[PDB]
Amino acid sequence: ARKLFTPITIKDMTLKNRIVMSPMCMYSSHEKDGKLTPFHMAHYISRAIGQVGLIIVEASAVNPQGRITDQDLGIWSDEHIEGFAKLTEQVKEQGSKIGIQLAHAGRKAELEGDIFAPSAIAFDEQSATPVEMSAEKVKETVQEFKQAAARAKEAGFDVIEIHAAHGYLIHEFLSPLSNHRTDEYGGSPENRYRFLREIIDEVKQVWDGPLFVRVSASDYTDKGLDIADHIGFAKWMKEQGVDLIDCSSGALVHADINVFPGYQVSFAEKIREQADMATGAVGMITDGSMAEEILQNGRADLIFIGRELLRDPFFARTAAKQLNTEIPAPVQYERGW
């Protein structure tokens, strides 16, 4: 069969194909309480009916002031568990595995009131200047990622992804452009990686299954992080037991980025080869042929699809047709697929 439709086992989890629905915020928690709504249920469950191997739920805030917007999903309260338990059960019933992206927006939070970051440096001229987190607050935030992971386990998720990309809180600590701290969380690469190191270790105290980390593999900026820095972080993550690195890029600060089909694939390939770490490729992958090429040429292990799944929730069927292969159809749609 085609590699895109070949299984892969990570820890005790077996994915039936290599297609992953990339985490994508829906800004649909209209009651501003981080809870799920019927829209979210239909949105996610339809891609499970659509046969996506693994569906990663959008950035879910570990603290309310870590939301990107006040309509974001949250996982900062035990009240969020009931809704997620229904979602995981329904997605798995349709045949898919499900994960959740744990997040904190840091200086990119678009909320009223103080927002937080490793250093008091604004994202851009249109943004509020964040408050530098005290060491106590940094440690409390590590505990919030741990507590959120425990809630995700209770809710029944199969995979937990740590959002260490797109200019959000963890990425701000990793990069010298945004982290000018003079304590244990700033300076050397070891100190800049410390926040993420502590989050991974603490999450591992309450969660043993698949652990993914999404990174922005380059800042595309002078004096910022580049792929060499991320290969270094990837080797430390492998030592800590991270199972896969989801390779994105950018958004710490505004930058000129040449976007084209597969523009982030080189990051996934280099981290996979140099850090001996399984990787997820993402970024303008819109068809089965490219997905198959990426996997067959050993550039990544999982293919993350974002916008094409917004256009075609049944991308798995489309890709199977493009690759002239067959895949099981949801039972209810057998006189159509």
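When you see a residue number, it is the position in the sequence shown, counting from 1.
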| query | Which is higher in the entry, the mean Cα B factor of 210-218 or that of 249-257? | reply | 249-257
| remark: Mean Cα B-factor check, 161-169 vs 84-92, entry values; winner is 84-92
| request: Consider only the C-alpha atoms of the modelled residues in this chain, order them by B-factor as the entry records it, and name the third containing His104: lowest, middle or highest. | output: lowest
| query | Split the chain's modelled residues into thirds by Cα B-factor; is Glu308 in the lowest, middle or highest one? | reply | lowest
| query | Mind checking which third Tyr44 falls in for C-alpha B-factor across the chain? | reply | lowest
| remark: Entry-reported C-alpha B-factor of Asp70 relative to its chain, by third, is highest
| field | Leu111 - which third its CA temperature factor falls in, relative to the rest of the chain | value | highest
